[PDB]
Every structure is written in C-alpha cells, then in structure tokens.
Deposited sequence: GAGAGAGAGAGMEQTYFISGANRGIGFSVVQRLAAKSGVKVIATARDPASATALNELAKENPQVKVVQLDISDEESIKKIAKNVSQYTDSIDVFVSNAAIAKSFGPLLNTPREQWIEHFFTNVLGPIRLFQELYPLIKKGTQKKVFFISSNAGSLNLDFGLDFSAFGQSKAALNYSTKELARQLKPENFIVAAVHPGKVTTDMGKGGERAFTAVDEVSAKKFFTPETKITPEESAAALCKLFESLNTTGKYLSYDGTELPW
C-alpha cells in the first residue's frame, strides 16, 4: 500500500520512526544512512523486516543527493510520505563566537540538503497517493518563540528551511501535496520512541498543508 522515505534512519528519531513504521502492515520504508555498513540496529531491523530498505545518503554531499532518486527507485515506483529527518545540531550560543564553518555546515546540511533531497524525490512523491512532505524542524527555528537560549547556525538553518517549507506548501497546494514543518520534541525531554510514536500518528492523520507543528499535532508560530 504505502511507501515512506526517512532520511537519517541509523539512530535517534529516524531509527525509532523506521522501527515504528516497520511494525505496521502494508508500509514499505526507504531508510537512509550516511554509512549503511555501520548502521547495526537498522541493518538488523531490515534483516528481520524485508519491508525496510536501507540506502546510502549524505545530504551534505551533492554527489550522494544526485544518486538518491535512481537508488530509491530500485526499491519503489513511488513515495507516499517523505520525511527529511537527517540533520545536524552542532552550533549554539552567541553570533560573535560562531565561526564561518559552523554557519556553512548548517546551511549545506540543514537547508540545501533537505531542499535538494526533496527536489530529487519529488517525481517519486508526485507518483504516490498520500503526497505528504515532512521536514523535521525545531521549535528553535520559529521567528516568534523565545526560549532564553541562543540557537546560532542550528536555529538559523531551521528558520531558513521553515521559510522555504511554507513557500513549498503554497507551491504544491494545487497538486494536493501536504507539506509540514514538524518539531519532534526535545529528545521537558521525551525519548526518541515516544517522539516516533507521535510523529507517525501525525504523518498518518495530517490532512492540511502549510502547518508548522509540534509532534503532538499542536501548532507552532512561524
């Protein structure tokens, strides 16, 4: 029935999302890892559960992104639900203390990567039924939330991706796409499995485009 694509599936929320989706009948899961050979838990899941297909992706690497569509296509003729989950969070604290390379790495990995990944997998998503597009954002990316914390290149990258996500939702509303930015929670802290359970109910239930959502389905201000 349905194909999910989850970037960054070897650990954290991505692994827990793939584990949760692997439990549902009639769900095929394209799961990505930078280094699949070292994705122990994900490889063992895929060994027990043939519905889970493991593909290499480095979203920091144009040469990897240029291959994701042809490689995914070996395993599926369509994607129902796209989840750009793979990301970095390596730069917090004041602007004056954040060197050039942190800004660059968060832009390439957290902004350009997800945009190029979507661009490449759009034809596969257009061919699917559900046409859902989820960007795993952060409440730190809001322009209208104050946490009393600096988020530096990490927060900027989530705001940047948020801006483009909102635009994308407008652009693909006439093609009946559902596009969302989703804050997965602080992983008060929640566990990745709890986040994944809530994220997967959201992925299945969300029926409107253009939303910025917390994992529980409540709205966040852009």
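- According to the record, the deposited residues with no C-alpha atom in the structure span 1-12, 200-226.
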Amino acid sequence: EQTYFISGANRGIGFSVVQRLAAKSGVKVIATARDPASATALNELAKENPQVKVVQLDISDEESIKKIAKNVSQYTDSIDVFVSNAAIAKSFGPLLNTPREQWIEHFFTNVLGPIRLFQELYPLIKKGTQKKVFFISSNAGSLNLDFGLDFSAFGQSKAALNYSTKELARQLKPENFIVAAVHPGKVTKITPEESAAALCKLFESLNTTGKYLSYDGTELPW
From here on, numbers count along this sequence of modelled residues.
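- When the C-alpha B-factors of 160-168 and 53-61 are averaged, 53-61 comes out higher.
- Mean CA temperature factor is higher for 21-29 when stretches 209-217 and 21-29 are set side by side in the entry.
- Annotation for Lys132, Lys127, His106, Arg116: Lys127 ranks highest, by Cα B-factor.
- Among the modelled residues of its chain, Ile190 has a C-alpha B-factor that falls in the highest third according to the deposited record.
- In this PDB entry, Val111 carries a Cα temperature factor that places it within the lowest third of its chain's modelled residues.
- Among all modelled residues in this chain, the alpha-carbon of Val83 has a temperature factor (C-alpha) in the lowest third.
- Ranked by Cα temperature factor within the chain, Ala9 sits in the lowest third according to the deposited record.
- In this PDB entry, the Cα temperature factor of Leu143 sits in the middle third of its chain's modelled residues.
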